[PDB]
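Take a look at this one chain, the form deposited in one PDB entry, written out in structure tokens.
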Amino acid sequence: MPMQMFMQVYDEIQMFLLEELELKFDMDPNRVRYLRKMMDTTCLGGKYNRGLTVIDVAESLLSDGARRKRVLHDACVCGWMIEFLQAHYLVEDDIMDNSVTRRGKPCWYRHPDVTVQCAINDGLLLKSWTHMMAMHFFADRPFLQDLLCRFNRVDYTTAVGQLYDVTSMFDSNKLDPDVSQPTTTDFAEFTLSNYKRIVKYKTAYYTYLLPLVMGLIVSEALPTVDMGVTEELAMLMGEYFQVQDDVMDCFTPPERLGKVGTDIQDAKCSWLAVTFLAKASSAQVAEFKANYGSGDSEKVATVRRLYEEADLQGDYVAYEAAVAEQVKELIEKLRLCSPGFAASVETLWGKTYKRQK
């Protein structure tokens, strides 16, 4: 059922937005139809991990079934708010990362009828919809200001995180708008510390912390949990989710992965790249340097090979276990004063640990 009503409120939101376009922006049915397709293709098809979480927290915490209905609905709107924020990111990320496929279909900007320019602006419309939906449905909620501050910080922090990711293959000392510069040939920026920073901000926040917080907000229970504990947790699960994407991006088939991995070509600061570079010998490192950051498929075939070659899967299992115990400890601190919350945090974790997704 959670999914049942989630989809129902999707329909609501779609109706209100599209109809509002119709009436108040002088929109013809064609463009209106365009945007319905855009919205279904970018927003739907996922597993709604972040959205559902928000409901799940709300329902755990709500502990006159009108209050039940109000929280549940709000939670669903918040859920879609996060899902549309994510859709906005992916539309724009795929463009920035020059990706081919997402979710099993082609990236939005790679549809035959969607120009790159229009995709950038469709990206922006998606972000704007989060605000429009929030303002409509929470217009007379006491928490609306706090929700919109929080949400905007996250989205800002996500963009800062993007700045890190997108500038990780340039030696940060040569960073200047006025003077051009090429892919780093010593990679001395590739470092776990740098990697951790990029992920914290580009992923952790809008993926793990924001769904938890929104669910608490609609529940009027945010002060009841230990935030410090919650923040540590979100950061941890978030980092471990990005690393999992980094490994899959190299070693899970695009068919099961519903995308094709561009980390090796984009010369990305992926987990496999940093972990290799801190453990590998000199000949391994010199091959790598000569075989990373090039679309060539013999050179791409080399790096992938070279990872397998130096036993990264092993490092990933140790990491995973290190994380998994650290999560278990933290959740138990959290159960002490907030059992209901800790339950739904566990569930979320349960959806992440050793995902094949």
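Quick note: we count residues from 1 along the sequence shown, nothing fancier. We call the rigid core the largest set of C-alpha positions that still match within 1.5 Å between the two forms.
Just so it is clear, the following notes concern the form deposited in another entry, a form of the same protein that is not shown.
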Establish whether a shift of 2 Å or more occurs at the C-alpha of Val260 between this form and the one not shown, with the two forms superposed on the rigid core. yes
Core-aligned C-alpha movement of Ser282 between this form and the one not shown, 2 Å or more: yes
Quick one: once the rigid core is lined up, does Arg70 have its C-alpha move by 2 Å or more between this form and the one not shown? no
